Amino acid sequence: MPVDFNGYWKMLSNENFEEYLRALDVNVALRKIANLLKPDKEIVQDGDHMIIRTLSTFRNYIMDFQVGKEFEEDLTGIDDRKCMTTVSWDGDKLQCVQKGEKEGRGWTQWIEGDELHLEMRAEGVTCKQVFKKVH
């Protein structure tokens, strides 16, 4: 049963986002300020077409995609380089793989009632981010 992400969601907690950005080759000041910042995810979900708008003080990132299709991750915030990014439904959960040089680059996204739960991987290293539904 695939989970309907339609809404505006605030970030509650940033667990291992400092070490995940270190594994993406990012600098100490961007790592430190991004683990302090609490950004907003607005998801527009229309069947296969999903626009995840991650809205932040450094850069609004924005993943616009069809589930099934493979797209380039040249976006000026998390890691700016063309990874051929494939997003799929694993029964209930949304599995993303970002294809290029880094060993295990991707994420797993799901809902627990009112809360959006995101696990992001790169070079083996897992960040956990917890979000709460406002709209």
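Residues numbered from 1 in each chain as written, not as in the entry; some residues may be left out. Heavy atoms only, no water.

Looking at the entry header, you'll see solution NMR listed as the method.

*Asks:* Just checking my understanding: could you explain the overall build of the protein for this structure?
*Replies:* Broken down by element type, the protein carries 2 helices and 10 strands. For the protein, the N- to C-terminal ordering of α and β elements is β-α-α-β-β-β-β-β-β-β-β-β. The C-alpha radius of gyration computed for the protein amounts to 14 Å, which stays within 12% of the reference 14 Å derived for 135 residues, consistent with globular compactness. On the principal axes, the C-alpha backbone points of the protein span a range of 40 × 30 × 25 Å. (Helix = DSSP H or I, 4+ residues; strand = E, 2+ residues; numbered from the N terminus. Rg over C-alpha atoms; globule rule 2.2 N^0.38 Å.)

*Asks:* Got a minute to help me understand the side chain of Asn 14 in this structure?
*Replies:* Along the chain, the position of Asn 14 falls in strand β1 (residues 7-14). A polar side-chain atom of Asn 14 sits 3.1 Å from the main-chain carbonyl oxygen of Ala 34. A distance of 2.9 Å separates a polar side-chain atom of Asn 14 from the backbone oxygen of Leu 37. The contact partners of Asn 14, leaving out residues within four places of it in the chain, are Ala 34, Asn 35, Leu 37, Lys 38 and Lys 128. (Polar contact = N/O pair within 3.5 Å; in protein donor to acceptor, adjacent residues only side chain to side chain. Contact = heavy atoms within 4.5 Å.)

*Asks:* Any chance you could explain the packing of aromatic side chains here in plain terms?
*Replies:* The relation between two aromatic rings is expressed through the spacing of the ring centres and the mutual angle of the planes. Under the counting rule described, the total for this entry stands at 3 aromatic pairs. Seen in terms of ring centroids, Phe 17 and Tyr 20 are 6.3 Å apart; in terms of plane orientation they differ by 25°. Their pairing is stacked. Of this pair, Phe 17 and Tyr 20 both sit in helix α1 (residues 17-23), 3 residues apart, which is roughly one turn of that helix. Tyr 20 sits in the buried class, given a relative accessible area of 2%. (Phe/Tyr/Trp six-rings, centres within 6.5 Å; stacked < 30°, edge-to-face > 60°. Buried < 20%, exposed > 50% of the residue type's maximum accessible area, 1.4 Å probe, protein only.)

*Asks:* Even after reading the chapter, I still don't get the UniProt feature "binding site: all-trans-retinol" in the protein, so can you show me in this structure?
*Replies:* Taken from the UniProt record, the annotation "binding site: all-trans-retinol" applies to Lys 41, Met 63 and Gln 109. Spanning 69 residues, the named residues nonetheless gather at one spot, since no C-alpha pair among them exceeds 13.2 Å. The residue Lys 41 is located in strand β2 (residues 40-46) in this model. The contact partners of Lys 41, leaving out residues within four places of it in the chain, are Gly 7, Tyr 8, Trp 9, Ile 52, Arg 53, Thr 54, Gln 109, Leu 116, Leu 118, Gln 129 and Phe 131. On the secondary structure map, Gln 109 appears in strand β8 (residues 106-112). Take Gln 109: its relative accessible area is 0%, and that puts it in the buried class. The residues touching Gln 109, leaving out its near neighbours within four places in the chain, are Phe 5, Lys 41, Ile 52, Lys 93, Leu 94, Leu 116, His 117 and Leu 118. (UniProt positions renumbered as here; feature names shortened; annotations may be inferred.)

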